[PDB]
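Structure first, commentary second.
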Amino acid sequence: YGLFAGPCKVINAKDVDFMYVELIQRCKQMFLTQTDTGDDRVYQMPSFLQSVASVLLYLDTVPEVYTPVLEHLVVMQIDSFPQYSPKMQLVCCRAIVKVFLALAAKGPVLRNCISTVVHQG
DNA sequence: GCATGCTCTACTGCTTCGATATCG
DNA sequence: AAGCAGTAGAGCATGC
């Protein structure tokens, strides 16, 4: 999903805005709203953040309503580092580095939030 | 609940050894 | 062909 969101930019130019909304709506109601404590849906959060970063690369004109969901998700993934296994504690690092690469190459009116995600972490 | 720790037949394969086929 | 050694695909048991 998050990989082929790339080449679907040149085919619809609205489905890139349809994803990152469907994606964040799937991402919210799995580990923020319900079953935050008792669930096993934790071992795919690197794929989640990798997908959101790979669609946020191509998505211009940010909605500015879902960034308090993005930066309430990525501190959850920084929090949930040691409930893991080796050779996936590096995949989690690649996901977080990818997201921080993503939301810093578009505008300095945005990247003040990169200073409060690490403060919250 | 997915991750790590003992355990039981048992399938593949190494080694010798005798026969068979082939070439000079 | 006969013998024999070995290891692996699997089965029970316990953990943050």
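Order determines the names: the first chain of the structure tokens is A, the second B, and so forth; residues in each chain are numbered 1 upward, and ligands are numbered 1 upward as they are shown.
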
Can you tell me, as a tab-separated table (two decimals) with C-alpha atoms (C1' of nucleotides), in the first residue's frame, what residues are no more than 12 Å from residue 2 (chain B) when counting only C-alpha atoms (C1' of nucleotides), ignoring any on the same chain fewer than 2 positions away?
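Full text of out.tsv as output:
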chain	number	residue	atom	x	y	z
A	40	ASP	CA	-0.76	-7.96	19.65
A	41	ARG	CA	-1.03	-5.55	16.70
A	42	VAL	CA	2.36	-4.06	17.50
A	43	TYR	CA	4.58	-6.06	15.16
A	83	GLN	CA	9.11	-4.85	23.53
A	84	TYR	CA	10.81	-6.26	20.47
A	85	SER	CA	13.22	-8.82	19.08
B	4	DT	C1'	13.18	-19.75	23.29
C	15	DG	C1'	8.28	-17.55	29.57
C	16	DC	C1'	7.61	-10.72	29.41

>> I'd like to know which residues of chain A are alpha helix (DSSP H) (by DSSP, run on the backbone); could you write them as JSON, numbers by chain?
In response: {"A": [15, 16, 17, 18, 22, 23, 24, 25, 26, 27, 28, 29, 30, 31, 45, 46, 47, 48, 49, 50, 51, 52, 53, 54, 55, 56, 57, 58, 67, 68, 69, 70, 71, 72, 73, 74, 75, 76, 77, 78, 79, 91, 92, 93, 94, 95, 96, 97, 98, 99, 100, 101, 102, 114, 115, 116, 117, 118, 119, 120]}

>> I want to know what sits within 10 Å of residue 11 (chain C), based on only C-alpha atoms (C1' of nucleotides), with residues of the same chain fewer than 2 positions away left out; could you give that as a ChimeraX atom specification?
In response: /B:7-8 /C:9

For the selection you just gave me, I'd like the residues written to a file as a compact mmCIF listing (two decimals), in the first residue's frame, keeping N, CA and C atoms (P, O5', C5', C4', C3', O3' and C1' of nucleotides).
# COMPACT_ATOMS: atom_id res chain seq x y z
P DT B 7 16.06 -33.70 27.76
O5' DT B 7 15.29 -34.24 26.46
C5' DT B 7 13.87 -34.20 26.42
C4' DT B 7 13.32 -34.84 25.16
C3' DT B 7 14.12 -36.00 24.57
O3' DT B 7 13.22 -36.96 24.10
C1' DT B 7 13.73 -34.44 22.92
P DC B 8 13.60 -38.51 24.10
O5' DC B 8 12.34 -39.17 23.37
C5' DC B 8 11.56 -38.38 22.47
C4' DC B 8 11.05 -39.22 21.32
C3' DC B 8 11.81 -40.51 21.12
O3' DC B 8 11.00 -41.46 20.47
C1' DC B 8 12.31 -38.99 19.35
P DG C 9 14.88 -29.84 8.12
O5' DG C 9 13.29 -29.97 8.18
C5' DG C 9 12.66 -31.18 7.78
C4' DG C 9 11.59 -31.60 8.77
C3' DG C 9 10.75 -30.46 9.35
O3' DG C 9 9.36 -30.72 9.14
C1' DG C 9 11.57 -31.89 11.09

>> Report, in Å to a single decimal, how far apart CA of residue 80 (chain A) and CA of residue 106 (chain A) are.
In response: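 Rounded to one decimal, the two atoms are 27.7 Å apart.
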
>> Residues within 12 Å of residue 12 (chain B), please, as a PyMOL selection string. Count only C-alpha atoms (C1' of nucleotides); anything in the same chain fewer than 2 positions from it doesn't count.
In response: (chain B and resi 10+14) or (chain C and resi 5-8)

Restrict the selected residues to C-alpha atoms (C1' of nucleotides) and save them as a JSON list (two decimals), in the first residue's frame.
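Output saved as result.json:
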[["chain", "number", "residue", "atom", "x", "y", "z"],
["B", 10, "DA", "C1'", 14.16, -41.68, 11.42],
["B", 14, "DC", "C1'", 29.57, -42.15, 4.04],
["C", 5, "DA", "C1'", 26.80, -42.76, 12.17],
["C", 6, "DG", "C1'", 24.53, -38.42, 12.26],
["C", 7, "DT", "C1'", 21.07, -34.33, 12.28],
["C", 8, "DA", "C1'", 16.64, -32.38, 11.27]]

> Leaving out residue 109 (chain A) and any residue of its chain fewer than 5 positions from it, which residues lie within 12 Å of it when counting only C-alpha atoms (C1' of nucleotides), given as a PyMOL selection string?
Replying inline: chain A and resi 62+64+103-104+114

Within 10 Å of residue 93 (chain A), counting only C-alpha atoms (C1' of nucleotides), which residues show up once you throw out same-chain ones fewer than 4 positions away? Write them as a PDB file with N, CA, C and O atoms, in the first residue's frame, please.
ATOM      1  N   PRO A  46       6.315  -0.769  12.331  1.00  0.00           N
ATOM      2  CA  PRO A  46       7.340  -0.326  11.371  1.00  0.00           C
ATOM      3  C   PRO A  46       6.851  -0.252   9.942  1.00  0.00           C
ATOM      4  O   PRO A  46       7.184   0.706   9.233  1.00  0.00           O
ATOM      5  N   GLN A  77       5.691   4.901  18.675  1.00  0.00           N
ATOM      6  CA  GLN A  77       6.655   3.925  18.179  1.00  0.00           C
ATOM      7  C   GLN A  77       8.027   4.098  18.821  1.00  0.00           C
ATOM      8  O   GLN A  77       8.770   3.122  18.961  1.00  0.00           O
ATOM      9  N   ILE A  78       8.390   5.324  19.203  1.00  0.00           N
ATOM     10  CA  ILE A  78       9.629   5.519  19.958  1.00  0.00           C
ATOM     11  C   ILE A  78       9.490   4.942  21.366  1.00  0.00           C
ATOM     12  O   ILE A  78      10.435   4.345  21.896  1.00  0.00           O
ATOM     13  N   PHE A  81       9.860   0.662  21.602  1.00  0.00           N
ATOM     14  CA  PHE A  81      11.112   0.042  21.162  1.00  0.00           C
ATOM     15  C   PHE A  81      11.555  -1.227  21.903  1.00  0.00           C
ATOM     16  O   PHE A  81      12.017  -2.152  21.228  1.00  0.00           O
ATOM     17  N   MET A  88      14.663  -6.721  14.224  1.00  0.00           N
ATOM     18  CA  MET A  88      13.531  -5.840  13.990  1.00  0.00           C
ATOM     19  C   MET A  88      13.654  -4.535  14.759  1.00  0.00           C
ATOM     20  O   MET A  88      13.030  -3.540  14.363  1.00  0.00           O
ATOM     21  N   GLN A  89      14.471  -4.495  15.819  1.00  0.00           N
ATOM     22  CA  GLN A  89      14.871  -3.259  16.478  1.00  0.00           C
ATOM     23  C   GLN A  89      15.715  -2.366  15.584  1.00  0.00           C
ATOM     24  O   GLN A  89      15.948  -1.209  15.942  1.00  0.00           O
ATOM     25  N   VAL A  97      13.822   6.892  11.279  1.00  0.00           N
ATOM     26  CA  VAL A  97      14.711   7.729  10.476  1.00  0.00           C
ATOM     27  C   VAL A  97      14.038   8.136   9.170  1.00  0.00           C
ATOM     28  O   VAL A  97      14.170   9.284   8.726  1.00  0.00           O
ATOM     29  N   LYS A  98      13.250   7.231   8.573  1.00  0.00           N
ATOM     30  CA  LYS A  98      12.542   7.561   7.339  1.00  0.00           C
ATOM     31  C   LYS A  98      11.490   8.645   7.554  1.00  0.00           C
ATOM     32  O   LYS A  98      11.387   9.581   6.751  1.00  0.00           O
TER      33      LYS A  98
END

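Across the structure, CA of residue 90 (chain A) and CA of residue 112 (chain A) are spaced 26.3 Å apart.
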
> If we count only C-alpha atoms (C1' of nucleotides), what is near residue 2 (chain C) at a cut-off of 12 Å, once residues fewer than 3 positions away on the same chain are taken out, given as a ChimeraX atom specification?
Replying inline: /B:15-18

Store the residues picked out above, limited to N, CA, C and O atoms (P, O5', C5', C4', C3', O3' and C1' of nucleotides), as a PDB file, in the first residue's frame.
ATOM      1  P    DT B  15      33.720 -41.254   3.355  1.00  0.00           P
ATOM      2  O5'  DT B  15      33.764 -42.823   3.598  1.00  0.00           O
ATOM      3  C5'  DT B  15      33.575 -43.333   4.899  1.00  0.00           C
ATOM      4  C4'  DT B  15      33.610 -44.842   4.876  1.00  0.00           C
ATOM      5  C3'  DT B  15      34.506 -45.428   3.783  1.00  0.00           C
ATOM      6  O3'  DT B  15      35.390 -46.391   4.333  1.00  0.00           O
ATOM      7  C1'  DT B  15      32.357 -46.411   3.715  1.00  0.00           C
ATOM      8  P    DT B  16      36.614 -46.962   3.461  1.00  0.00           P
ATOM      9  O5'  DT B  16      36.180 -48.462   3.133  1.00  0.00           O
ATOM     10  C5'  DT B  16      36.028 -49.383   4.191  1.00  0.00           C
ATOM     11  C4'  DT B  16      35.168 -50.563   3.777  1.00  0.00           C
ATOM     12  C3'  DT B  16      35.791 -51.510   2.751  1.00  0.00           C
ATOM     13  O3'  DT B  16      35.573 -52.837   3.178  1.00  0.00           O
ATOM     14  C1'  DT B  16      33.641 -50.921   2.085  1.00  0.00           C
ATOM     15  P    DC B  17      36.529 -54.028   2.695  1.00  0.00           P
ATOM     16  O5'  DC B  17      35.508 -55.113   2.117  1.00  0.00           O
ATOM     17  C5'  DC B  17      34.131 -54.785   1.975  1.00  0.00           C
ATOM     18  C4'  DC B  17      33.525 -55.501   0.784  1.00  0.00           C
ATOM     19  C3'  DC B  17      34.528 -56.154  -0.167  1.00  0.00           C
ATOM     20  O3'  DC B  17      33.969 -57.351  -0.653  1.00  0.00           O
ATOM     21  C1'  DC B  17      33.214 -54.655  -1.371  1.00  0.00           C
ATOM     22  P    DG B  18      34.894 -58.564  -1.142  1.00  0.00           P
ATOM     23  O5'  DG B  18      34.047 -59.191  -2.337  1.00  0.00           O
ATOM     24  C5'  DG B  18      32.677 -59.496  -2.133  1.00  0.00           C
ATOM     25  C4'  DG B  18      31.854 -59.173  -3.364  1.00  0.00           C
ATOM     26  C3'  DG B  18      32.376 -59.772  -4.669  1.00  0.00           C
ATOM     27  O3'  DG B  18      31.348 -60.514  -5.297  1.00  0.00           O
ATOM     28  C1'  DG B  18      31.860 -57.485  -4.937  1.00  0.00           C
TER      29       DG B  18
END

> Quick one, how far is CA of residue 49 (chain A) from CA of residue 95 (chain A)?
Replying inline: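 Spanning CA of residue 49 (chain A) to CA of residue 95 (chain A) is a straight-line distance of 5.8 Å.
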